[PDB]
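Coordinates as given in data-v1.pdb (PDB, C-alpha atoms and all ligand atoms):
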```pdb
ATOM      1  CA  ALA A   1       8.988  19.670  29.556
ATOM      2  CA  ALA A   2      11.442  21.143  27.050
ATOM      3  CA  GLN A   3      12.679  19.561  23.818
ATOM      4  CA  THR A   4      15.697  21.421  22.484
ATOM      5  CA  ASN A   5      16.401  21.790  18.769
ATOM      6  CA  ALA A   6      12.849  20.762  17.992
ATOM      7  CA  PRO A   7      11.363  21.212  14.523
ATOM      8  CA  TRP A   8      10.533  24.890  14.117
ATOM      9  CA  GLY A   9       6.791  24.198  14.025
ATOM     10  CA  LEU A  10       6.764  22.541  17.441
ATOM     11  CA  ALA A  11       8.733  25.443  18.854
ATOM     12  CA  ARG A  12       6.313  27.851  17.197
ATOM     13  CA  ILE A  13       3.130  26.367  18.674
ATOM     14  CA  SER A  14       4.440  26.780  22.236
ATOM     15  CA  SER A  15       5.825  30.307  21.662
ATOM     16  CA  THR A  16       4.489  33.847  21.641
ATOM     17  CA  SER A  17       7.201  34.712  19.075
ATOM     18  CA  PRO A  18       8.793  33.262  15.939
ATOM     19  CA  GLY A  19      12.478  32.461  15.807
ATOM     20  CA  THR A  20      12.939  29.974  18.660
ATOM     21  CA  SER A  21      13.885  26.304  18.581
ATOM     22  CA  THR A  22      12.737  24.669  21.847
ATOM     23  CA  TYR A  23       9.335  23.001  22.218
ATOM     24  CA  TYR A  24       7.748  23.459  25.665
ATOM     25  CA  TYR A  25       4.828  21.294  26.743
ATOM     26  CA  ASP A  26       3.227  19.645  29.736
ATOM     27  CA  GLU A  27       4.703  16.186  30.236
ATOM     28  CA  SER A  28       1.238  14.548  30.098
ATOM     29  CA  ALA A  29       1.785  14.882  26.336
ATOM     30  CA  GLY A  30      -1.666  13.711  25.219
ATOM     31  CA  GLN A  31      -1.638  10.472  27.205
ATOM     32  CA  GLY A  32      -5.085   8.891  27.268
ATOM     33  CA  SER A  33      -6.229  10.643  24.081
ATOM     34  CA  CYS A  34      -6.497   9.145  20.605
ATOM     35  CA  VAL A  35      -5.860  10.640  17.176
ATOM     36  CA  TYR A  36      -7.038   9.048  13.958
ATOM     37  CA  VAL A  37      -4.902   9.915  10.928
ATOM     38  CA  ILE A  38      -7.119   9.473   7.871
ATOM     39  CA  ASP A  39      -4.590   9.386   5.050
ATOM     40  CA  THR A  40      -2.259   6.996   3.174
ATOM     41  CA  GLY A  41      -1.655   4.912   6.308
ATOM     42  CA  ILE A  42       0.964   4.949   9.060
ATOM     43  CA  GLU A  43       4.198   2.972   9.205
ATOM     44  CA  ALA A  44       3.448   1.843  12.724
ATOM     45  CA  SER A  45       6.614  -0.227  13.200
ATOM     46  CA  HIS A  46       8.632   2.991  13.060
ATOM     47  CA  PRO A  47      10.474   3.331  16.411
ATOM     48  CA  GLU A  48       9.497   6.998  16.517
ATOM     49  CA  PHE A  49       5.938   5.865  17.301
ATOM     50  CA  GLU A  50       7.158   3.642  20.177
ATOM     51  CA  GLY A  51       4.360   1.118  19.731
ATOM     52  CA  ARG A  52       1.659   3.814  20.101
ATOM     53  CA  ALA A  53       0.565   3.670  16.441
ATOM     54  CA  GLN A  54      -1.603   1.032  14.781
ATOM     55  CA  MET A  55      -3.413   0.627  11.484
ATOM     56  CA  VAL A  56      -7.118  -0.021  12.061
ATOM     57  CA  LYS A  57      -8.651   0.196   8.574
ATOM     58  CA  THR A  58      -7.740   0.187   4.905
ATOM     59  CA  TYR A  59      -9.817   0.345   1.728
ATOM     60  CA  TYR A  60      -6.974  -1.002  -0.441
ATOM     61  CA  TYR A  61      -5.188  -4.317  -0.852
ATOM     62  CA  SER A  62      -2.835  -3.439   2.016
ATOM     63  CA  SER A  63      -2.786  -1.265   5.115
ATOM     64  CA  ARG A  64       0.866  -0.348   4.462
ATOM     65  CA  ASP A  65       1.714   3.308   3.863
ATOM     66  CA  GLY A  66       3.439   3.005   0.504
ATOM     67  CA  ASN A  67       3.562   6.784   0.086
ATOM     68  CA  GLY A  68       4.848   8.404   3.290
ATOM     69  CA  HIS A  69       2.369  11.272   3.558
ATOM     70  CA  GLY A  70       0.246   9.637   6.268
ATOM     71  CA  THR A  71       3.341   8.605   8.204
ATOM     72  CA  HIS A  72       4.604  12.204   8.092
ATOM     73  CA  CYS A  73       1.279  13.583   9.319
ATOM     74  CA  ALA A  74       1.068  10.975  12.086
ATOM     75  CA  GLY A  75       4.593  11.925  13.109
ATOM     76  CA  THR A  76       3.615  15.569  13.533
ATOM     77  CA  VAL A  77       0.636  14.509  15.659
ATOM     78  CA  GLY A  78       2.428  12.084  17.910
ATOM     79  CA  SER A  79       5.961  10.912  17.143
ATOM     80  CA  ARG A  80       8.439  11.118  19.990
ATOM     81  CA  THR A  81      10.766  13.623  18.278
ATOM     82  CA  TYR A  82       8.548  15.332  15.702
ATOM     83  CA  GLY A  83       5.163  15.203  17.428
ATOM     84  CA  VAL A  84       3.012  17.675  19.333
ATOM     85  CA  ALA A  85       1.325  15.046  21.568
ATOM     86  CA  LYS A  86       4.168  12.644  22.256
ATOM     87  CA  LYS A  87       2.112  10.129  24.305
ATOM     88  CA  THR A  88      -1.139   9.994  22.313
ATOM     89  CA  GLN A  89      -2.414   6.808  20.681
ATOM     90  CA  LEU A  90      -2.395   6.967  16.876
ATOM     91  CA  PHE A  91      -4.861   5.066  14.667
ATOM     92  CA  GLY A  92      -4.333   4.869  10.917
ATOM     93  CA  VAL A  93      -7.222   4.774   8.445
ATOM     94  CA  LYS A  94      -5.966   4.318   4.875
ATOM     95  CA  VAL A  95      -8.424   6.125   2.605
ATOM     96  CA  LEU A  96      -5.697   7.319   0.214
ATOM     97  CA  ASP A  97      -3.836   4.995  -2.105
ATOM     98  CA  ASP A  98      -0.056   4.901  -2.365
ATOM     99  CA  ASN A  99      -0.169   7.652  -5.013
ATOM    100  CA  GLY A 100      -1.747   9.930  -2.406
ATOM    101  CA  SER A 101      -5.281  10.115  -3.815
ATOM    102  CA  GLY A 102      -8.633   8.580  -2.985
ATOM    103  CA  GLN A 103     -12.188   8.564  -4.220
ATOM    104  CA  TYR A 104     -14.626  10.664  -2.231
ATOM    105  CA  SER A 105     -16.774   7.593  -1.557
ATOM    106  CA  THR A 106     -13.804   5.932   0.165
ATOM    107  CA  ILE A 107     -12.931   9.064   2.144
ATOM    108  CA  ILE A 108     -16.555   9.317   3.322
ATOM    109  CA  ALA A 109     -16.559   5.694   4.393
ATOM    110  CA  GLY A 110     -13.354   6.278   6.355
ATOM    111  CA  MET A 111     -14.859   9.206   8.240
ATOM    112  CA  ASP A 112     -17.938   7.203   9.210
ATOM    113  CA  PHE A 113     -15.587   4.364  10.170
ATOM    114  CA  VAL A 114     -13.857   6.625  12.713
ATOM    115  CA  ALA A 115     -17.175   7.811  14.156
ATOM    116  CA  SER A 116     -18.020   4.189  14.981
ATOM    117  CA  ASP A 117     -14.548   2.776  15.627
ATOM    118  CA  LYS A 118     -13.802   5.161  18.460
ATOM    119  CA  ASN A 119     -16.317   3.089  20.452
ATOM    120  CA  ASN A 120     -13.840   0.187  20.071
ATOM    121  CA  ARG A 121     -10.875   2.158  21.456
ATOM    122  CA  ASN A 122      -9.803   3.398  24.871
ATOM    123  CA  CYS A 123      -9.635   7.184  24.679
ATOM    124  CA  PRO A 124     -10.690   8.461  28.107
ATOM    125  CA  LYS A 125      -9.326  11.949  27.420
ATOM    126  CA  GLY A 126     -11.036  12.232  24.021
ATOM    127  CA  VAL A 127     -10.771  11.532  20.325
ATOM    128  CA  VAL A 128      -9.362  13.614  17.456
ATOM    129  CA  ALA A 129      -9.261  13.024  13.711
ATOM    130  CA  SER A 130      -6.687  14.609  11.385
ATOM    131  CA  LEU A 131      -7.681  14.862   7.699
ATOM    132  CA  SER A 132      -4.784  16.104   5.552
ATOM    133  CA  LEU A 133      -6.706  15.574   2.349
ATOM    134  CA  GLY A 134      -9.394  17.085   0.202
ATOM    135  CA  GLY A 135     -10.596  18.079  -3.229
ATOM    136  CA  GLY A 136     -13.346  20.167  -4.769
ATOM    137  CA  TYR A 137     -16.552  21.059  -2.974
ATOM    138  CA  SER A 138     -18.828  18.127  -2.158
ATOM    139  CA  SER A 139     -21.831  18.359   0.121
ATOM    140  CA  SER A 140     -21.518  14.618   0.795
ATOM    141  CA  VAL A 141     -17.881  14.929   1.911
ATOM    142  CA  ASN A 142     -18.767  17.906   4.096
ATOM    143  CA  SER A 143     -21.710  16.062   5.662
ATOM    144  CA  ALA A 144     -19.453  13.114   6.491
ATOM    145  CA  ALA A 145     -17.007  15.444   8.233
ATOM    146  CA  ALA A 146     -19.932  17.066  10.054
ATOM    147  CA  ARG A 147     -21.174  13.658  11.242
ATOM    148  CA  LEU A 148     -17.714  12.734  12.484
ATOM    149  CA  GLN A 149     -17.534  15.979  14.489
ATOM    150  CA  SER A 150     -21.093  15.565  15.786
ATOM    151  CA  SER A 151     -20.256  12.038  16.998
ATOM    152  CA  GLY A 152     -17.776  13.510  19.502
ATOM    153  CA  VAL A 153     -14.500  13.636  17.554
ATOM    154  CA  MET A 154     -12.439  16.793  17.208
ATOM    155  CA  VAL A 155     -12.090  16.983  13.413
ATOM    156  CA  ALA A 156      -9.165  18.980  12.006
ATOM    157  CA  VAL A 157      -9.019  19.338   8.219
ATOM    158  CA  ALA A 158      -6.568  20.901   5.797
ATOM    159  CA  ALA A 159      -7.646  24.161   4.191
ATOM    160  CA  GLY A 160      -5.999  23.109   0.912
ATOM    161  CA  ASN A 161      -3.016  24.283  -1.112
ATOM    162  CA  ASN A 162      -4.653  26.339  -3.882
ATOM    163  CA  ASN A 163      -3.920  29.899  -2.636
ATOM    164  CA  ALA A 164      -7.670  30.341  -2.911
ATOM    165  CA  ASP A 165     -10.818  30.613  -0.828
ATOM    166  CA  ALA A 166     -11.363  27.333   1.010
ATOM    167  CA  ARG A 167     -15.100  27.742   0.371
ATOM    168  CA  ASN A 168     -14.601  25.731  -2.844
ATOM    169  CA  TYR A 169     -12.883  22.712  -1.286
ATOM    170  CA  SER A 170     -13.995  19.792   0.868
ATOM    171  CA  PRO A 171     -13.893  18.883   3.684
ATOM    172  CA  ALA A 172     -12.232  22.308   4.240
ATOM    173  CA  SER A 173     -15.510  24.138   3.645
ATOM    174  CA  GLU A 174     -17.578  22.208   6.230
ATOM    175  CA  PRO A 175     -18.285  24.888   8.857
ATOM    176  CA  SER A 176     -18.502  22.626  11.897
ATOM    177  CA  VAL A 177     -14.970  21.143  11.719
ATOM    178  CA  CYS A 178     -11.644  22.872  12.399
ATOM    179  CA  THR A 179     -10.234  24.129   9.087
ATOM    180  CA  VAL A 180      -6.471  24.679   9.225
ATOM    181  CA  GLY A 181      -4.334  26.998   7.109
ATOM    182  CA  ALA A 182      -0.529  26.941   6.874
ATOM    183  CA  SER A 183       2.207  29.372   7.964
ATOM    184  CA  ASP A 184       6.003  29.520   7.571
ATOM    185  CA  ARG A 185       8.761  30.029  10.116
ATOM    186  CA  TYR A 186       8.744  33.823   9.570
ATOM    187  CA  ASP A 187       5.014  33.979  10.373
ATOM    188  CA  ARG A 188       3.906  34.457   6.778
ATOM    189  CA  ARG A 189       0.864  32.726   5.424
ATOM    190  CA  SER A 190       2.355  29.894   3.420
ATOM    191  CA  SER A 191       2.267  30.890  -0.237
ATOM    192  CA  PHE A 192       0.038  27.947  -1.201
ATOM    193  CA  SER A 193      -2.308  28.090   1.774
ATOM    194  CA  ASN A 194      -5.985  28.547   1.180
ATOM    195  CA  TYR A 195      -7.733  31.291   3.138
ATOM    196  CA  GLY A 196     -11.238  32.632   3.664
ATOM    197  CA  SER A 197     -13.939  33.027   6.278
ATOM    198  CA  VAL A 198     -14.184  29.252   6.792
ATOM    199  CA  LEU A 199     -10.652  28.965   8.188
ATOM    200  CA  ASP A 200     -10.558  28.531  11.943
ATOM    201  CA  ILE A 201      -6.812  28.593  12.626
ATOM    202  CA  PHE A 202      -3.319  28.474  11.116
ATOM    203  CA  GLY A 203      -0.519  26.102  12.008
ATOM    204  CA  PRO A 204       3.052  25.531  10.831
ATOM    205  CA  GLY A 205       3.015  24.134   7.308
ATOM    206  CA  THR A 206       6.168  25.151   5.381
ATOM    207  CA  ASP A 207       9.304  22.990   5.724
ATOM    208  CA  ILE A 208       8.021  20.604   8.392
ATOM    209  CA  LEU A 209      10.342  17.807   9.536
ATOM    210  CA  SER A 210       8.625  14.549  10.474
ATOM    211  CA  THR A 211       8.707  10.780  10.026
ATOM    212  CA  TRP A 212       8.658   9.013   6.664
ATOM    213  CA  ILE A 213       8.359   5.452   5.459
ATOM    214  CA  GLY A 214      11.354   3.161   5.563
ATOM    215  CA  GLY A 215      12.058   4.281   9.115
ATOM    216  CA  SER A 216      13.198   7.650   7.829
ATOM    217  CA  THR A 217      12.451  11.380   8.116
ATOM    218  CA  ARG A 218      12.030  14.306   5.746
ATOM    219  CA  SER A 219      10.798  17.864   5.517
ATOM    220  CA  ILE A 220       7.792  18.665   3.329
ATOM    221  CA  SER A 221       5.218  21.449   3.072
ATOM    222  CA  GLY A 222       1.480  21.861   2.896
ATOM    223  CA  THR A 223      -1.723  22.537   4.749
ATOM    224  CA  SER A 224      -1.444  18.768   5.205
ATOM    225  CA  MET A 225       1.428  19.503   7.622
ATOM    226  CA  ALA A 226      -0.372  22.294   9.481
ATOM    227  CA  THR A 227      -3.432  20.121  10.168
ATOM    228  CA  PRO A 228      -1.667  17.523  12.373
ATOM    229  CA  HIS A 229      -0.105  20.293  14.464
ATOM    230  CA  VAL A 230      -3.654  21.375  15.331
ATOM    231  CA  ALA A 231      -4.894  17.794  15.792
ATOM    232  CA  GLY A 232      -2.013  17.026  18.129
ATOM    233  CA  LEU A 233      -2.584  20.280  19.990
ATOM    234  CA  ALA A 234      -6.237  19.337  20.496
ATOM    235  CA  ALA A 235      -5.282  15.922  21.895
ATOM    236  CA  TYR A 236      -2.746  17.570  24.206
ATOM    237  CA  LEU A 237      -5.299  20.090  25.494
ATOM    238  CA  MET A 238      -7.999  17.429  25.953
ATOM    239  CA  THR A 239      -5.605  15.325  28.073
ATOM    240  CA  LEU A 240      -4.987  18.430  30.204
ATOM    241  CA  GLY A 241      -8.739  18.852  30.670
ATOM    242  CA  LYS A 242      -8.753  22.337  29.132
ATOM    243  CA  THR A 243     -11.305  21.491  26.431
ATOM    244  CA  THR A 244     -13.391  18.714  24.839
ATOM    245  CA  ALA A 245     -13.826  17.361  21.325
ATOM    246  CA  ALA A 246     -16.881  19.563  20.720
ATOM    247  CA  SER A 247     -15.165  22.724  21.945
ATOM    248  CA  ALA A 248     -11.488  22.292  21.089
ATOM    249  CA  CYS A 249     -11.439  24.241  17.819
ATOM    250  CA  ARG A 250     -13.019  27.278  19.490
ATOM    251  CA  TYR A 251     -10.702  26.904  22.481
ATOM    252  CA  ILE A 252      -7.674  26.814  20.183
ATOM    253  CA  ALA A 253      -8.925  29.900  18.359
ATOM    254  CA  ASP A 254      -9.583  31.685  21.695
ATOM    255  CA  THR A 255      -6.051  30.975  22.967
ATOM    256  CA  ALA A 256      -4.181  31.442  19.672
ATOM    257  CA  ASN A 257      -1.489  33.992  18.942
ATOM    258  CA  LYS A 258      -3.638  36.744  17.402
ATOM    259  CA  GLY A 259      -2.719  39.228  14.688
ATOM    260  CA  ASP A 260       0.848  37.976  14.134
ATOM    261  CA  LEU A 261       0.730  36.502  10.596
ATOM    262  CA  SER A 262       1.620  38.243   7.318
ATOM    263  CA  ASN A 263      -0.097  37.964   3.907
ATOM    264  CA  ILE A 264      -3.443  37.203   5.559
ATOM    265  CA  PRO A 265      -6.172  38.389   3.150
ATOM    266  CA  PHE A 266      -8.782  40.685   4.603
ATOM    267  CA  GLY A 267     -11.553  38.537   6.075
ATOM    268  CA  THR A 268      -9.308  35.596   7.002
ATOM    269  CA  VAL A 269      -8.429  34.982  10.650
ATOM    270  CA  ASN A 270      -4.961  35.979  11.809
ATOM    271  CA  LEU A 271      -4.776  33.251  14.479
ATOM    272  CA  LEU A 272      -1.825  30.894  14.966
ATOM    273  CA  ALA A 273      -2.195  27.768  17.099
ATOM    274  CA  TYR A 274      -0.547  28.113  20.507
ATOM    275  CA  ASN A 275      -0.435  25.774  23.514
ATOM    276  CA  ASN A 276      -0.116  28.559  26.139
ATOM    277  CA  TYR A 277       2.117  26.277  28.182
ATOM    278  CA  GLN A 278       3.474  28.390  31.031
ATOM    279  CA  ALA A 279       5.662  26.368  33.375
TER
HETATM  280 CA    CA B 301     -15.054  25.697  11.556
END
```

Just dump the structure as structure tokens.
Amino acid sequence: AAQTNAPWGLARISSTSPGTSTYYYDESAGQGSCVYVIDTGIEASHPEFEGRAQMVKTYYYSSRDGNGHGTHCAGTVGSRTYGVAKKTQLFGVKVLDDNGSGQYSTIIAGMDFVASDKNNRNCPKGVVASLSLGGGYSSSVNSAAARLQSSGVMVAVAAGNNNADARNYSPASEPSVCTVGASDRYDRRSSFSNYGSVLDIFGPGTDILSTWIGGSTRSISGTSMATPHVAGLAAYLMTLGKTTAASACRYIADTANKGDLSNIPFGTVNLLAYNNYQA
């Protein structure tokens, strides 16, 4: 399949080169997989989700995304126009309030919720969780992310936006999950992206067009935007049978565009997520 005039990040993850605008992908498009978006919620009624999104848990008075951030991330995972895996099922877990923040105890509960809740969902091709959130180092937050991954979910987490070593942030610093840095359309490390030996992969994170609340769209930037590119890629690859939840981060790193990013500090991977779709 080919989607012309796609957001640059979609075009980038199916290309060996920057500077193109068509997204190429196998038409299976993540069908039969599931992605949990653990964030501010998802505006499921948005036509862009085509009925494939649903809120399954909130820790607040409502399950509505009153912020937009979670809707944007979900759109990069799986919206029809802005998504990597255009046929995946999306499940929203609202651990962040409408101001975009959440207590670590609530975030931990949401991770353990996903580890159990996947047993209530039909995901024959596998389960992914996208965590575009984080704060300072916490062994408890890291151990929750580790449990979620151990339970058979491909966990993708944002590296953080501190232009610093991700070793000091959680869940970014949990070794066993897939820690995602951000790049721009000219293949630079995004100026704000964290780095370090704990990063597994980079994805597009600067000026990313996706869905927003009120049935809308907008472009925003962050490692929060890179993470759902990787989560959607994992779902896509698991539907194709190329990898599994336990192995997807390594598979993505193995098959990435290698050595192509600029402003990568010594000791940080120079790997950019790539679907290696070759019609
Ligand atoms: Ca890792």

- [ ] Evaluate the PyMOL selection byres (((chain A and resi 187) around 8) and not hetatm) here and jot the selected residues down as a list in words.
- [x] residues 18, 183, 184, 185, 186, 188, 189, 260, 261 and 262 of chain A

Open item on the list: For this structure, which residues satisfy the selection - the PyMOL selection byres (((not hetatm)) within 7 of (chain B and resi 301)) - when it is evaluated on the file as given? I want them as a PyMOL selection string.
Closed with: chain A and resi 174-179+198-200

Let me see the file: selected residues, C-alpha atoms, as a PDB file, in the coordinates of the input.
```pdb
ATOM      1  CA  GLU A 174     -17.578  22.208   6.230  1.00  0.00           C
ATOM      2  CA  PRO A 175     -18.285  24.888   8.857  1.00  0.00           C
ATOM      3  CA  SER A 176     -18.502  22.626  11.897  1.00  0.00           C
ATOM      4  CA  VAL A 177     -14.970  21.143  11.719  1.00  0.00           C
ATOM      5  CA  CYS A 178     -11.644  22.872  12.399  1.00  0.00           C
ATOM      6  CA  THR A 179     -10.234  24.129   9.087  1.00  0.00           C
ATOM      7  CA  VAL A 198     -14.184  29.252   6.792  1.00  0.00           C
ATOM      8  CA  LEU A 199     -10.652  28.965   8.188  1.00  0.00           C
ATOM      9  CA  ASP A 200     -10.558  28.531  11.943  1.00  0.00           C
TER      10      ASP A 200
END
```

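Separating atom CA of residue 195 of chain A from atom CA of residue 265 of chain A is a distance of 7.3 Å.
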
TODO: Please write the residues picked by the PyMOL selection byres (((chain A and resi 229) around 7) and not hetatm) on this file as a list in words.
DONE: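 On this input, the PyMOL selection byres (((chain A and resi 229) around 7) and not hetatm) captures residues 76, 77, 84, 203, 226, 227, 228, 230, 231, 232 and 233 of chain A.
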
Task: Among the residues A:29, A:252, A:96, A:44, the one that comes closest to residue 240 of chain A [using all atoms listed in the file] - done: A:29

Reconstructed N, CA and C atoms for segment 148-167 of chain A, given as a PDB file, in the coordinates of the input:
```
ATOM      1  N   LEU A 148     -18.828  13.158  11.650  1.00  0.00           N
ATOM      2  CA  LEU A 148     -17.714  12.734  12.484  1.00  0.00           C
ATOM      3  C   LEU A 148     -17.556  13.679  13.674  1.00  0.00           C
ATOM      4  N   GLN A 149     -17.640  14.985  13.422  1.00  0.00           N
ATOM      5  CA  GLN A 149     -17.534  15.979  14.489  1.00  0.00           C
ATOM      6  C   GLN A 149     -18.694  15.859  15.471  1.00  0.00           C
ATOM      7  N   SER A 150     -19.910  15.726  14.945  1.00  0.00           N
ATOM      8  CA  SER A 150     -21.093  15.565  15.786  1.00  0.00           C
ATOM      9  C   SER A 150     -21.015  14.345  16.699  1.00  0.00           C
ATOM     10  N   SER A 151     -20.379  13.270  16.232  1.00  0.00           N
ATOM     11  CA  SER A 151     -20.256  12.038  16.998  1.00  0.00           C
ATOM     12  C   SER A 151     -19.339  12.171  18.202  1.00  0.00           C
ATOM     13  N   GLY A 152     -18.650  13.294  18.369  1.00  0.00           N
ATOM     14  CA  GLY A 152     -17.776  13.510  19.502  1.00  0.00           C
ATOM     15  C   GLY A 152     -16.298  13.389  19.197  1.00  0.00           C
ATOM     16  N   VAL A 153     -15.893  13.646  17.965  1.00  0.00           N
ATOM     17  CA  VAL A 153     -14.500  13.636  17.554  1.00  0.00           C
ATOM     18  C   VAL A 153     -14.121  15.055  17.160  1.00  0.00           C
ATOM     19  N   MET A 154     -12.982  15.519  17.659  1.00  0.00           N
ATOM     20  CA  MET A 154     -12.439  16.793  17.208  1.00  0.00           C
ATOM     21  C   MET A 154     -11.866  16.589  15.812  1.00  0.00           C
ATOM     22  N   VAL A 155     -12.523  17.140  14.795  1.00  0.00           N
ATOM     23  CA  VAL A 155     -12.090  16.983  13.413  1.00  0.00           C
ATOM     24  C   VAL A 155     -11.271  18.197  12.987  1.00  0.00           C
ATOM     25  N   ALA A 156     -10.028  17.959  12.584  1.00  0.00           N
ATOM     26  CA  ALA A 156      -9.165  18.980  12.006  1.00  0.00           C
ATOM     27  C   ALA A 156      -8.922  18.631  10.548  1.00  0.00           C
ATOM     28  N   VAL A 157      -9.134  19.594   9.650  1.00  0.00           N
ATOM     29  CA  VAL A 157      -9.019  19.338   8.219  1.00  0.00           C
ATOM     30  C   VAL A 157      -8.128  20.389   7.576  1.00  0.00           C
ATOM     31  N   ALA A 158      -7.422  19.979   6.532  1.00  0.00           N
ATOM     32  CA  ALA A 158      -6.568  20.901   5.797  1.00  0.00           C
ATOM     33  C   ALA A 158      -7.397  21.905   5.005  1.00  0.00           C
ATOM     34  N   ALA A 159      -6.949  23.160   4.990  1.00  0.00           N
ATOM     35  CA  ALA A 159      -7.646  24.161   4.191  1.00  0.00           C
ATOM     36  C   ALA A 159      -7.454  23.929   2.701  1.00  0.00           C
ATOM     37  N   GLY A 160      -6.350  23.305   2.299  1.00  0.00           N
ATOM     38  CA  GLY A 160      -5.999  23.109   0.912  1.00  0.00           C
ATOM     39  C   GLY A 160      -4.887  24.046   0.464  1.00  0.00           C
ATOM     40  N   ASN A 161      -4.260  23.673  -0.652  1.00  0.00           N
ATOM     41  CA  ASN A 161      -3.016  24.283  -1.112  1.00  0.00           C
ATOM     42  C   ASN A 161      -3.187  25.014  -2.438  1.00  0.00           C
ATOM     43  N   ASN A 162      -4.308  25.712  -2.613  1.00  0.00           N
ATOM     44  CA  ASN A 162      -4.653  26.339  -3.882  1.00  0.00           C
ATOM     45  C   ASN A 162      -4.482  27.857  -3.881  1.00  0.00           C
ATOM     46  N   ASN A 163      -3.966  28.444  -2.802  1.00  0.00           N
ATOM     47  CA  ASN A 163      -3.920  29.899  -2.636  1.00  0.00           C
ATOM     48  C   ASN A 163      -5.245  30.534  -3.044  1.00  0.00           C
ATOM     49  N   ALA A 164      -6.326  29.951  -2.531  1.00  0.00           N
ATOM     50  CA  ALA A 164      -7.670  30.341  -2.911  1.00  0.00           C
ATOM     51  C   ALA A 164      -8.593  30.251  -1.703  1.00  0.00           C
ATOM     52  N   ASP A 165      -9.834  30.697  -1.895  1.00  0.00           N
ATOM     53  CA  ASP A 165     -10.818  30.613  -0.828  1.00  0.00           C
ATOM     54  C   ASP A 165     -11.214  29.158  -0.613  1.00  0.00           C
ATOM     55  N   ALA A 166     -11.086  28.712   0.634  1.00  0.00           N
ATOM     56  CA  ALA A 166     -11.363  27.333   1.010  1.00  0.00           C
ATOM     57  C   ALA A 166     -12.836  26.981   0.862  1.00  0.00           C
ATOM     58  N   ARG A 167     -13.682  27.980   0.595  1.00  0.00           N
ATOM     59  CA  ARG A 167     -15.100  27.742   0.371  1.00  0.00           C
ATOM     60  C   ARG A 167     -15.355  26.746  -0.753  1.00  0.00           C
TER      61      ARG A 167
END
```
